[PDB]
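A single chain, nothing else alongside it, follows as structure tokens in the form deposited in one PDB entry.
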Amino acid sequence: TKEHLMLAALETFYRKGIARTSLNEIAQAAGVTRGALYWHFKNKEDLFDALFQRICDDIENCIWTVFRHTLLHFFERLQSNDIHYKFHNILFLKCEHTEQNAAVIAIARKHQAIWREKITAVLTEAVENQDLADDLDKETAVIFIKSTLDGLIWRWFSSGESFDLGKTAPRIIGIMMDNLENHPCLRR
């Protein structure tokens, strides 16, 4: 039930962006009344919330060496999975930071916060297995990892997928992994 309402929201978000999308438009695309949507999702914010939730759940249910493979499969998924493609397209390209979109942005910052605590934890555990050095600057390292991954995603979507993500993502990730283990700039 609720899953049908989410995908229409995702599809509408993908064509018009979040700002210029209305509940009315979503309920029509799913072919239900404005009243029927409201029972499950009280506003656009909540649909966006559930959609981000399915993305994070997808990534969770597919599981330091695991970290690498999790990064690799995230970028494959962007190409082969239609929902992950559209959601991150929407997040990066169709989600203006205007005052109208303020509740959405707050929702997205909530999920981004979880993603950060989770990276912080993986690094915390990796330092103990002697995978990473004990004087690793973890605060810098987490800005580094997210900035690396954000940059590839933004560069891929904003260039209109003008390069081969399947060939580029592994090289970017491997280099990132190398810098985390070895580069002195990432040490305290």
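All residue numbers are counted from 1 along the displayed sequence. Definition used throughout: the rigid core is the maximal C-alpha set that superposes within 1.5 Å between two forms. Residues that one form lacks are left out of the comparison.
Same protein, other form: the form deposited in another entry, not shown, and the subject of what follows.
Student: With the two forms superposed on the core, which of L149, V142, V127, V32 shows a CA shift of 2 angstroms or more between this form and the one not shown?
Tutor: The listed residue whose C-alpha shifts by at least 2 Å is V32.
Student: For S80, decide whether the Cα shift between this form and the one not shown is 2 Å or greater, given a superposition on the rigid core.
Tutor: It does not reach a 2 Å shift.
Student: Rigid core fitted, then: does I18 show a CA shift of 2 angstroms or greater between this form and the one not shown?
Tutor: After core superposition, the displacement of the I18 C-alpha between this form and the one not shown reaches the 2 Å mark, so yes.
Student: For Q53, does the CA position differ by 2 Å or more between this form and the one not shown when the superposition is done on the rigid core?
Tutor: It does, since the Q53 C-alpha is displaced 2 Å or more between this form and the one not shown after the core fit.
Student: Quick one: in the other form, is the Cα gap between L71 and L51 smaller or bigger than here? Answer closer or farther; it shifts by 3 Å or more.
Tutor: Pair moves farther apart in the other form.
Student: Where does the protein shift between this form and the one not shown, taking runs of 3+ residues with every CA moved 2 Å or more once the core is matched?
Tutor: Moving stretches, in sequence order: 1 to 13, 15 to 63, 98 to 100, 102 to 104.
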